[PDB]
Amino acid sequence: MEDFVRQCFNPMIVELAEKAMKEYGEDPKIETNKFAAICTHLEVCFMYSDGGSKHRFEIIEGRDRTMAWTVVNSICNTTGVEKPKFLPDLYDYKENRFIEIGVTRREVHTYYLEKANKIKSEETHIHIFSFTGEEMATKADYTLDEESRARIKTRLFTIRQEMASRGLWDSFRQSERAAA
C-alpha cells in the first residue's frame, strides 16, 4: 500500500500528506491506510478549489496549521464571517462561507452528521464525497457545477478500482470503521 500511494498521487500531495501525519505522530510507513486517505482528501480539496472561477476559493487545507489560522483570521476579520472552532478546508469568496470537505468509505449521511455535530456551525458548509459516487452537501447546495463534481467522483472511483485490483481495498474500507 505504501508504494501504491506514491505511484497514485503526485509528489506534492504525498509530501504534504507525510508532513500532516508526522505532526500528529503518525508514521506513513506503518499506518498506510491513513496515508492513502490523507492523500485522497488533499487531492479532492485541490480539485474542488480548481472547479471554480480563478479567484473563487481560499485554500486552507494542506498548509501549516499556524499559517492556516492566520489566513482564517484574515478572512473572518474582513468578511465579518464567524470564526470556526476547527480548521476548515476552503473559503468560498463567491458564497462567503467556509467549506468542510469529507471523503468517506462509509455512507455519506453517516459521515455528514459526525462532521456536523463536531463543528457546530450554522455557517460552515459541509460537502461529503464517497468512493461510490454519492455526495451530500448542506442544504443540497453542492457549490460547484455538475461537471466539476463528476470529475472528482470519477477520480475517487478510479482510486477504489486501483486499490481493489491490488487487494488493498477491503482493508482500506474496513479501516475507517475500526477507527470511528
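A residue's number is simply how far along the shown sequence it sits, counting from 1.
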In the PDB record, does 40-48 or 130-138 carry the higher mean Cα temperature factor?
130-138
Can you tell me which stretch has the higher mean Cα B-factor, 152-160 or 10-18?
10-18
Temperature factor at the Cα of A116, chain-ranked in thirds, falls in the highest
Tertile call for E100 (CA temperature factor, within chain, third-based) is the lowest
Would you please rank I60 by its C-alpha temperature factor against the other modelled residues of its chain and give the third it falls in: lowest, middle or highest?
lowest
Splitting the chain's C-alpha B-factors into thirds, which one does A68 fall into?
lowest
Among all modelled residues of this chain, ranked by Cα B factor, put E82 in the bottom, middle or top third, i.e. lowest, middle or highest.
highest
